[PDB]
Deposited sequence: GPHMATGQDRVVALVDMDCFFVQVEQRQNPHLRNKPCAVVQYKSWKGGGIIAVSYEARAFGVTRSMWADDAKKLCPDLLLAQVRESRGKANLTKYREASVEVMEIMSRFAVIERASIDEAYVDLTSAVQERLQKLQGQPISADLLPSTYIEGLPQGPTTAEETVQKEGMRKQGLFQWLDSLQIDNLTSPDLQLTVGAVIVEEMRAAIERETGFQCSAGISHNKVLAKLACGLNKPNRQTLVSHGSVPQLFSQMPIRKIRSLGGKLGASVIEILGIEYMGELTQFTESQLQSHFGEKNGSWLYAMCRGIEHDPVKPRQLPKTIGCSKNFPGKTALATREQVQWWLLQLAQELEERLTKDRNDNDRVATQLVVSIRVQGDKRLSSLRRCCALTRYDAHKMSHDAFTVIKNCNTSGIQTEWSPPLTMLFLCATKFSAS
């Protein structure tokens, strides 16, 4: 009882931009705004592959990983924006720069961990303590939470979405103990006030809408963020976890959407996250390993300790291109030309990174795939990265992979290469 640490020490938010690449394109081209539209890379094969979908287009069943020609079958008036192509390959610079815009606004409120191009975690514990000592027991008006959902409410003893949102929020605010500066539910509520302000600032200063989740840790904040998209935020309290998890498929939790989650389901004979509570920590550790087992044991009770890392910048900068089927690289000149294209984009991004962020990469990683290998990477080799020069890094990459060519002929390349990847890593301050 008095010693069961309930993992309610922190206030953590996850902010995720709605249909990010689509919003970037809609800001640039007002003709795309408030329309079914999607962002595609390339065009010749099946109209290009969709990587981002506006909510209007999602209503027609358009999804990521769909070919545009097929999406057009579902949504004949779908509008498409194409990713820029530079040096023969997709170039995602516009979206990376847009991401930096959003990350810089978020960093004004608290330290953030960049989790992806369009999302960051926020540790709001200290900002909440500050805002609470500023409020001085004053209760929290529903007017401060105009886009917040309280997960699990309304409950107990109107038929429109906004009406139910407001009913649930009213139930939450009425149950609140606004005099206790250490109540976790109050702390989450103030956290949600701050996140409303953060999201207002992002939209005001960039044009971009986002959603957010507010809870006591990263996994719950991410899950909460997904519950009411687009353009809304969701508070998942510690108390909401049992009901939320009682019907929550195991795969919906970050880290469990793959092989490990499938093995939880098959080994334990369960479907939902809440069913995990019936196993001891040792049982879970026996099946899934010591770390995963401790993590599952705590996570199914709403508890997770992974910190919000103070890291706004990516740890690696990389360039990759697939060469499927008939496009696979089968000559030395081909392989060298594409290594040079990738290296030229890498050099440009690295030089910008050095100027902006006062750091230099020191390791170059070269990864390839060979035709007929089921794995995404067939080979991975590192070498020193001592100079930001594309000709040098492409020669070095070729030097470290050239021994994969089983062709006795030095001109041909066999088996042909279906992917090239260059990645700069191990940054140092300079």
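- Against the full deposited sequence, the model leaves out just one stretch, namely 158 to 162.
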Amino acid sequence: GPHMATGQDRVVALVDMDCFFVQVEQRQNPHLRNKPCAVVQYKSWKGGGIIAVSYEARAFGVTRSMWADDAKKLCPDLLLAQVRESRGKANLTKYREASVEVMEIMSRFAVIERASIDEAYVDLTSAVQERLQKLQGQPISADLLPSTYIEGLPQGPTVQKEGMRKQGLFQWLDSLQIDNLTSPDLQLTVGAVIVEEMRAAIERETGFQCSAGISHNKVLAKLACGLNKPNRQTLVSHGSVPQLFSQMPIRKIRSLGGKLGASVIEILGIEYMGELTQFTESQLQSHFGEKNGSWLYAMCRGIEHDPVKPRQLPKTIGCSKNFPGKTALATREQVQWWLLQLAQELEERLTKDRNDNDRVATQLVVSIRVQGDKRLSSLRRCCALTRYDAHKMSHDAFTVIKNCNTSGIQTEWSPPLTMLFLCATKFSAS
From here on, numbers count along this sequence of modelled residues.
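Heads up, when I say rigid core I mean the largest set of C-alphas that superpose within 1.5 Å between the two forms.
- In summary, of the stretches 174 to 182 and 86 to 94, 174 to 182 shows the greater Cα distance from the shown form in 8 other deposited structures of this protein, with structures fitted on the rigid core.
- Judged by mean Cα B factor in the deposited record, 369 to 377 ranks above the other of 369 to 377 and 391 to 399.
- Stretches 420 to 428 and 1 to 9 differ in mean C-alpha B factor, with the higher average recorded for 1 to 9.
- In this structure the maximum Cα B-factor among 57, 50, 32, 383 is found at 383.
- Per the PDB record, 330 has a higher Cα B-factor than any other of 194, 145, 244, 330.
- Compared with the other modelled residues of the chain, the Cα B-factor recorded for residue 353 ranks in the middle third.
- In the deposited entry, the Cα temperature factor of residue 325 sits in the top third of values across the chain's modelled residues.
- The entry lists a Cα temperature factor for residue 123 that places it in the middle third of the chain's modelled residues.
- Split the chain's modelled residues into thirds by C-alpha temperature factor. Residue 307 is in the lowest one.
- In the deposited entry, the Cα temperature factor of residue 338 places it in the middle third of its chain's modelled residues.
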